[PDB]
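Please read the structure below before turning to the comments.
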Amino acid sequence: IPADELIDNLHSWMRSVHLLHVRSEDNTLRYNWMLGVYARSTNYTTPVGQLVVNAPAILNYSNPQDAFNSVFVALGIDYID
Amino acid sequence: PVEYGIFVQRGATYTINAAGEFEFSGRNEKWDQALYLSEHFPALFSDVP
Amino acid sequence: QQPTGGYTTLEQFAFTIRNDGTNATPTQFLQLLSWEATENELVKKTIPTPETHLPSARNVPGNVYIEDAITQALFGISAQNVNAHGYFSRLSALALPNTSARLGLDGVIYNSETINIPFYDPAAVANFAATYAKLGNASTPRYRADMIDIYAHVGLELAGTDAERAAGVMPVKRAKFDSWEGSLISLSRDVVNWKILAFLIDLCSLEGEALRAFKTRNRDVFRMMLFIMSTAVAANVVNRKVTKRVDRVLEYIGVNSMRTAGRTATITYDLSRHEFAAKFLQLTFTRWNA
Amino acid sequence: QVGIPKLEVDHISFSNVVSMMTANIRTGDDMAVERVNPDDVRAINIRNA
Amino acid sequence: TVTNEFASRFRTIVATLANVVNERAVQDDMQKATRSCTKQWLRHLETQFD
Amino acid sequence: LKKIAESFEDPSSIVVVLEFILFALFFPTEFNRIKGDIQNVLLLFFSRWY
């Protein structure tokens, strides 16, 4: 692929993905991302996804594990794929 | 098809930041009239390159 | 009421099993069962100390049948979802400072002693029911027992020579003994009968000289008990024809395989019952080793 | 103790306890329940667990 | 003489509550609309209570 | 509690959370007996809006 038509191009998409979220100020939050990235994948229909939309803060998190256990606890399920 | 994809892709309605830049939203949410009064301009008219 | 002195060392709490003709003690029965040692191996781990929080007695008017339940479920014979409406926890009402409810001697829990009905000395029941309340919460997601791993131990305890049991390691030996037309299931129905309780109450409430002394005298009565159970969860159980007899074989002793659909030569283990025997084995086991 | 299970030996034995269920345990009872058809449909979620 | 400690209390309830209806957003035209008007019914309901 | 089956997924549905607040206020000693069946309904509302 023409180096140009590639970078230039790619950059267009790159700059398109807009991960739904709710910025904060706490100096410990993070983002889980992966899960989110995925809520975006499908258009926010798969419940976990239908979770983040209106409730975006759900994704920030401090305890690497509590991160998720939060998601489950709320929509109550054994596993997310 | 292509145009209405890059574009609706970037928020279907924006609102405005404090420094007045335009903050578009993410979803491509529909747009009801009862939503008329409240920080949420229809996005088509944003007139932003 | 009625004291103890030793407990299981008393007339009516004699565990027998009946084999071939008359009913004999399981100590003698075990000595009529040999091993096949497979080219495998199984080291024993270290049972995790049981979750402290004993379930909540829960309000429930009416003495509930405890011995029958605990056992119907372990060497049951068809007990289905055991931890639903399961009362096992109602067995925590006994463990307390000066409660009233006494553990009937027929394996029922009464609330307040009653007109002509024995019951273990509330002195010792307070130590037994003290720990086995736990056995109540085996379905609680965050407390569930170990399980699959906990069998490394049922097994070297059931089999293994005095020698293997000392160094942890020990092949997964397969049990064969002389069967007699549907022997395992019958061996079992006979056991559902024992007044287990009488045993446990003694298992955990004897000081020391006495407790260790009895642990040894009763290892035989106990082992027969794990065995009837380990077979519940054992790969394949097959019958071997020989000259005239049938040498029945248990393929792999002490290797919970999670088998769950109704067999015949034994007692199935619905998944719930399965977690339970899991729970039962852990407390009773962690305890056997003072 | 053990009374030699009535089925282990070979002697017939007229009379023996039978546990039969009383008048309070009707079974096969056709039991009624209130079913509620979730309103919406458009809402009813299917995917993700 | 004129305040009614009791009903005035319910009044705050329709706000904290009504307020709750604003934090809660949506993703629809039906959901977006009814939410505004119930913010509406919810209030009338309270004077209706006073 | 004559079990009220709801989903709480349509802003107009605060109607039900309100049934209880109005109800608990109106007859609280009576409502007290059933705080459980209900605490039971509410977390669901919470799983939804919170």
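Taken together, the values in this text are just the output of simple stated rules run on the coordinates, not laboratory data. Cβ: placed from backbone, ideal geometry, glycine included. Neighbour counts: every protein chain shown.
How many residues are assigned to a loop (DSSP other than H, G, I, E, B), touching a helix residue (DSSP H, G or I) at 6+ places or on another chain (Cβ under 7 Å) and either closer than 30 Å to E:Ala33 by Cα or of a type outside the set (A, V, I, L, M) (or both) if we restrict to chain F?
6
Out of curiosity, is E:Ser8 over 29 Å from F:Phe27 (Cα atoms) and in a helix (DSSP H, G or I)?
Criteria not met by E:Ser8.
Within the bounds of the range C:160-168, is there any residue that is on the phi < 0 side of the Ramachandran plot and outside any helix (DSSP H, G or I)?
No.
Could you count how many residues in the range B:30-49 are surrounded by 11 or more Cβ atoms within 10 Å (Cβ to Cβ), within 10 Å of chain E (Cβ to nearest Cβ) and small (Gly, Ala, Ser)?
Number of matching residues: 1.
Based on what the data block shows, is C:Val192 surrounded by 16 or more Cβ atoms within 10 Å (Cβ to Cβ) and within 14 Å of chain D (Cβ to nearest Cβ)?
The answer is yes for C:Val192.
Restricting attention to the range C:1-59, which residues are in contact with an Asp or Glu (Cβ under 9 Å, 6 or more places away or on another chain), of a type in the set (A, V, I, L, M) and more than 14 Å from chain D (Cβ to nearest Cβ)?
Answer for the range C:1-59, where residues must be in contact with an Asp or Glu (Cβ under 9 Å, 6 or more places away or on another chain), of a type in the set (A, V, I, L, M) and more than 14 Å from chain D (Cβ to nearest Cβ): C:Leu30, C:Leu32, C:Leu33, C:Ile47.
May I ask you to verify whether E:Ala33 is surrounded by 12 or more Cβ atoms within 10 Å (Cβ to Cβ), over 9 Å from the mean Cα position of the chain (by Cα) and not in a helix (DSSP H, G or I)?
No; evaluated as a whole, the condition is false for this residue.
Would you confirm whether or not the range C:150-171 contains a residue that is among the hydrophobic types (A, V, I, L, M, F, W, C), farther than 30 Å from D:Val2 by Cα and within 21 Å of the chain's Cα centre (by Cα)?
yes
Check A:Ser16, A:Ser24 and return the single one that is part of a loop (DSSP other than H, G, I, E, B), out of contact with any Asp or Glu (no Cβ under 8 Å at 6 or more places or on another chain), more than 15 Å from B:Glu29 (Cα to Cα) and facing another protein chain (nearest Cβ under 10 Å).
When all the criteria are applied, what remains is A:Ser16.
Conditions: (1) without any contact (Cβ under 8 Å) to a residue 12 or more places away in the chain; (2) assigned to a strand (DSSP E or B); (3) within 14 Å of chain E (Cβ to nearest Cβ). B:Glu23 meets all but one. Number of the miss?
Only one criterion in (1) without any contact (Cβ under 8 Å) to a residue 12 or more places away in the chain; (2) assigned to a strand (DSSP E or B); (3) within 14 Å of chain E (Cβ to nearest Cβ) is unmet by B:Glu23, namely (3).
Picking from C:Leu94, C:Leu32, C:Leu74, C:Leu105, which residue would you name as being touching a residue at least 60 places away in the same chain (Cβ under 8 Å), touching a strand residue (DSSP E or B) at 6+ places or on another chain (Cβ under 7 Å) and under 20 Å from C:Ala133 (Cα atoms)?
When all the criteria are applied, what remains is C:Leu105.
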